[PDB]
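Those protein sequence lines, which keep their order, are chains G and A. Quick note on numbering: the first sequence equals residues 366 to 415 in the authors' numbering. Quick note on numbering: the second sequence equals residues 262 to 312 in the authors' numbering. Cβ coordinates follow ideal geometry from the N, Cα and C atoms, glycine included. Structure first, commentary second.
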Amino acid sequence: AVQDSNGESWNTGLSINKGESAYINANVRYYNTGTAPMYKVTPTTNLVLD
Amino acid sequence: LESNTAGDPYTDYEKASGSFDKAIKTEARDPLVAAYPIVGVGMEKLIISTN
């Protein structure tokens with residue numbers, strides 16, 4: 366006897382890391398309301414969720 | 262016989278006259294009290310990110 370068989374297949378996956386699952390990009394903009402200019406502005410900012 | 266009676270960086274004349282920094286308390290202006298800060302750290306909450 367002779368047997369002939371042929372086919373195909375498809376696959377798709379998705380892997381996620383639960384420690385770093387996204388990256389946040391924030392657009393900020395400084396301003397001055399005082400009296401003198403400040404050169405080399407180096408501010409520190411927080412990011413609170415709840 | 263000393264220029265820093267209390268051991269802090271400012272001398273006797275600087276402390277007595279108040280010629281030192283203006284953000285240090287008045288009680289520090291006598292020579293026998295040291296202007297030595299006490300800084301501590303206090304935790305408020307902890308966040309765990311499972312990997």
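Rounded Cβ spacing between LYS383(G) and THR311(A) (contact assumed at less than 8 Å): 5 Å
Chain A contacts from the stretch 373-393 of chain G (Cβ-Cβ distance under 7 Å): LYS383 and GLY384
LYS276(A) - containing alpha helix (DSSP H), residue span: 273-278
Coarse secondary structure for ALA366(G), derived from DSSP in three states: coil
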